[PDB]
Amino acid sequence: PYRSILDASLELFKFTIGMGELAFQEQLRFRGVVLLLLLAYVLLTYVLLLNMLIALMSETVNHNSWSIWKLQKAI
Amino acid sequence: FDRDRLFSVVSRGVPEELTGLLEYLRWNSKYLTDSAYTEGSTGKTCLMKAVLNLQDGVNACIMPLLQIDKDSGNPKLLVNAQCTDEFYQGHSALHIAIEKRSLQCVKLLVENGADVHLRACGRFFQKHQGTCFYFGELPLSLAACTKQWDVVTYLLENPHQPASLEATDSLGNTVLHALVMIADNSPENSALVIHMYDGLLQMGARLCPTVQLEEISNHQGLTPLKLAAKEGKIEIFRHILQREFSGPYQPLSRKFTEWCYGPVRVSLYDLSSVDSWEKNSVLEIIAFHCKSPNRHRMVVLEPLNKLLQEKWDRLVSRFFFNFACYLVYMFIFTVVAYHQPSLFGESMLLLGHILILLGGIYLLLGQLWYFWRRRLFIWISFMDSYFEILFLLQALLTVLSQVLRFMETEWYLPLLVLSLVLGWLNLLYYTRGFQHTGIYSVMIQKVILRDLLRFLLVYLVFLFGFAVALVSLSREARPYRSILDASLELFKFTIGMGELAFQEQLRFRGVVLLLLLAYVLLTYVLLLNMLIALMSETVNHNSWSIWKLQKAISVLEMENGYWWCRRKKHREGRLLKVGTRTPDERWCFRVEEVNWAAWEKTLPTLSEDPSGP
Amino acid sequence: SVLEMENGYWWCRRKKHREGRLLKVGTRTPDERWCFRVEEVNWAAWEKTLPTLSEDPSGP
Amino acid sequence: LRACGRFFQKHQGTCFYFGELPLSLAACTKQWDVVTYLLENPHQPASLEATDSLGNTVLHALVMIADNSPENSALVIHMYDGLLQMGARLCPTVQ
Ligand SMILES: CCCCCCCCCC(=O)OC[C@H](COP(=O)([O-])OCCN)OC(=O)CCCCCCCCC
């Protein structure tokens, strides 16, 4: 399962790309705690992605960019 | 000559039919204040009934009735009578005269020795839920809460019964406390309260100059500025903190102006019972003792914004020092948890465990001291005192796991892992030390949280129902064997690993496929509804002031130091003389402004020459 | 939702209660009407021009 | 008379830079009578061009303190025009 920090970080990062493995591993002495901890990570990760989406929508809807492009043209 | 005859004559205002009252009252050896003449069980007398209805603001039956009462030889004066019942107690005839907007009637009753200081401490006059109108239960305060200037002017300058502008009620409130206590954020009420607060202050300047009306406290120990801060009344809060008067009414001002040079002006705001040197300052009351949604609104107003900015600029070095200490403690706690044995290196691991125990005990003691000092702050505001709760929780877990390490049991490692996880989630507190991450941290618990809880409730209901459905339907043979396994398989659709296959092993397989498709559709409905509702809540947007409130709470805790050492507390501002009231020296805060439109040199200045900070 | 609940269940019909109080509003000989008590606070209406049914405040 | 003190130099903190000249001080105060009297008095006439320690003239000083606010911008624009039209008929040799 998880043997190193790099491997566990790679397995945990795959939840954002849609390949997060979530299984009830019947090989560890503490398995329900690992399952609950994975669920908590999934919840907090969805909090982070949702917060980023909401904050960036809020920044955009309260909108300039045409003149910034013209400044890039002048440079 | 029964009571109903009196209460019918005085309801008409005719004075001629009062004949026969003096003779019968002298013959029967009775009194006009007796319970026989009282209107029912409520306690109402004849004069209050005569006052209650008026013909063009005047009654021709009041003065003859008072003459009859004077001629009757009453041991107790009828104009000072009170109702004395459960709901409507202490309500005198002068209050009703003030109510009906008849200055002439108020004059008519006060000419004959009406007691001005009569407290009306009934249930209707006390502030409570239901039906009430609290106004300070005094005729002076009643006129102050009615928006009447003639009546209060006559009451404060009459030769018969002068009204003391300071007068405590049963709750301890004065006229200023009562005028602060009933206030809205609405433009109609706020202008009323502000203008007549100013009027009463300027009246008390020349009526009772020996006493300080602002520096008085009620039974709760709050000045009207502190009462406005605690009750959340912000419209009078700004005006009290920012009031400037030019002329003879100079000492009752708080926004003095030191000097002007063209467009730049240096002005001194007042910090009297405002800065954190006082035990019950306005900043502490706003941050900790106020239960109102307008808390963050009361922080970003001058001079509190610049004062708290100065305090943060002075304490940011200790803020980042605490951040560095917590980061080092979590690095040591992570290294030890990474190198746990199977359940020189051993001595180093024992030293690491000792350091973990010491840090956990330190954090637990600090959090317990904070909870002892701020026990009401949790009930007042959960969304401002939750990290501390988390800073408590893992801390005791940090202790508890070590206890389970001492007993050499199985569950010491899961508790250590949860301590590590909760400690790394507790690192987001110090993100309030920067402005961008500080604004970011507001959204993570305020708006998204309620939507996430309701979404989790609906999703858990749907997930449990569908899990039981696929468990019960898949038992018959021609996958899902338990509720936990089926819930785990069904939850994977939200993370992109939902297995959707036509299982050719069950007797009912098309029903299972259709049921899975229905679950997918309803799950997408739930996620889409959450997204739409949270976008709708966000687009109709505050958060900058909420971050500033978190800054003010952060600095006020840091000025108290740690639990083991109490730091010295420094006064903000300078002690400068603002006038000859014999000198009037005040502690003040220097605020610099630039105004390119104010080009009139009319107002005087304290200092004739510019000077630096 | 509430209007369906005032009809009770299909097996038992619940008693239905009148809302408000029966009070006299004028001599039209009396004009007694069933009415609902509504409390309001207005800090701008300071003119005592309109007459009132009751001269003294009372509770609900 | 140049007033080259720390208060009159442009820096962070407390200051009011205006070109450290009485002509430029009247130009940064929104006063037309005082500048009109200073530029056309027979005793001590005021040269509209006059370098300060930073090299700024009255026009440079009037540009240097300016906001994007409507109150300051109208002031600066109108009296920039006024000083230019005054220098047209007062010192027409120089630009
Ligand atoms: C041997 C006895 C020594 C006692 C004194 C130790 C020095 C004081 C440590 C300290 O500054 O604690 C503050 C820090 C942050 O807590 P908080 O007030 O921000 O709480 C905010 C909650 N909202 O809290 C921590 O970081 C706890 C860490 C404990 C170990 C410190 C190691 C220092 C390494 C240099």
# chains A, B, ... in the order shown; residues from 1 in each chain; ligands from 1

$ residues_near_ligand --ligand "ligand 1" --cutoff "7 Å" --atoms "only C-alpha atoms and all ligand atoms" --output "VMD selection string"
chain B and resid 319 321 to 323 325 to 326 328 to 329 358 to 359 362 to 363 387 to 388 391 429 562

$ residues_around --residues "residue 58 (chain A)" --least-positions-apart "4" --cutoff "9 Å" --atoms "only C-alpha atoms" --output "short mmCIF file (atom, residue, chain, number, x, y, z; two decimals) with C-alpha atoms, in the first residue's frame"
data_model
loop_
_atom_site.label_atom_id
_atom_site.label_comp_id
_atom_site.auth_asym_id
_atom_site.auth_seq_id
_atom_site.Cartn_x
_atom_site.Cartn_y
_atom_site.Cartn_z
CA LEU A 53 -13.48 27.89 -7.62
CA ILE A 54 -15.81 30.14 -5.58
CA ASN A 62 -16.54 41.87 -9.80
CA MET B 535 -22.45 30.48 -6.68
CA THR B 538 -21.38 34.25 -3.44
CA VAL B 539 -22.42 36.47 -6.37
CA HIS B 541 -21.99 39.46 -1.81
#

$ atom_distance --atom1 "CA of residue 7 (chain A)" --atom2 "CA of residue 422 (chain B)"
21.8 Å

$ select_by_dssp --residues "chain C" --states "helix (DSSP H, G or I)" --output "NGL selection string"
:C and (2-5)

$ closest_atom_pairs --of "chain B" --to "chain A" --cutoff "10 Å" --atoms "only C-alpha atoms" --output "tab-separated table"
residue	atom	partner	partner_atom	distance
B:338	CA	A:5	CA	9.6
B:410	CA	A:29	CA	9.6
B:411	CA	A:30	CA	9.0
B:413	CA	A:30	CA	9.2
B:414	CA	A:33	CA	7.1
B:415	CA	A:33	CA	9.8
B:417	CA	A:37	CA	9.4
B:418	CA	A:37	CA	8.4
B:421	CA	A:37	CA	8.9
B:425	CA	A:44	CA	9.6
B:439	CA	A:55	CA	9.7
B:440	CA	A:55	CA	7.7
B:441	CA	A:51	CA	9.4
B:443	CA	A:51	CA	6.9
B:444	CA	A:51	CA	6.4
B:445	CA	A:47	CA	9.6
B:447	CA	A:51	CA	9.7
B:448	CA	A:51	CA	7.6
B:449	CA	A:47	CA	8.8
B:452	CA	A:47	CA	8.6
B:484	CA	A:24	CA	9.1
B:485	CA	A:24	CA	7.9
B:488	CA	A:23	CA	7.5
B:489	CA	A:23	CA	8.7
B:491	CA	A:22	CA	9.4
B:492	CA	A:22	CA	7.5
B:493	CA	A:18	CA	9.7
B:494	CA	A:18	CA	9.1
B:495	CA	A:18	CA	5.8
B:496	CA	A:18	CA	4.7
B:497	CA	A:19	CA	6.6
B:531	CA	A:50	CA	8.5
B:534	CA	A:54	CA	7.7
B:535	CA	A:54	CA	6.7
B:537	CA	A:54	CA	9.9
B:538	CA	A:58	CA	6.6
B:539	CA	A:58	CA	6.4
B:540	CA	A:58	CA	9.5
B:541	CA	A:58	CA	8.6

$ residues_around --residues "region 2-19 of chain C" --least-positions-apart "4" --cutoff "10 Å" --atoms "only C-alpha atoms" --output "list in words"
residues 34, 35, 36 and 37 of chain C

$ interface_residues --of "chain B" --to "chain C" --cutoff "10 Å" --atoms "only C-alpha atoms" --output "VMD selection string"
chain B and resid 49 52 to 53 87 to 88 99 to 101 124 130 to 133 145 to 148 183 to 184 186 to 190 192

$ interface_residues --of "chain D" --to "chain B" --cutoff "9 Å" --atoms "only C-alpha atoms" --output "list in words"
residues 7, 13, 14, 15, 16, 25, 28, 29, 30, 71, 72 and 75 of chain D

$ residues_around --residues "region 367-377 of chain B" --least-positions-apart "3" --cutoff "12 Å" --atoms "only C-alpha atoms" --output "PyMOL selection string"
chain B and resi 284-291+360-364+380-396+553+557-558+560-564
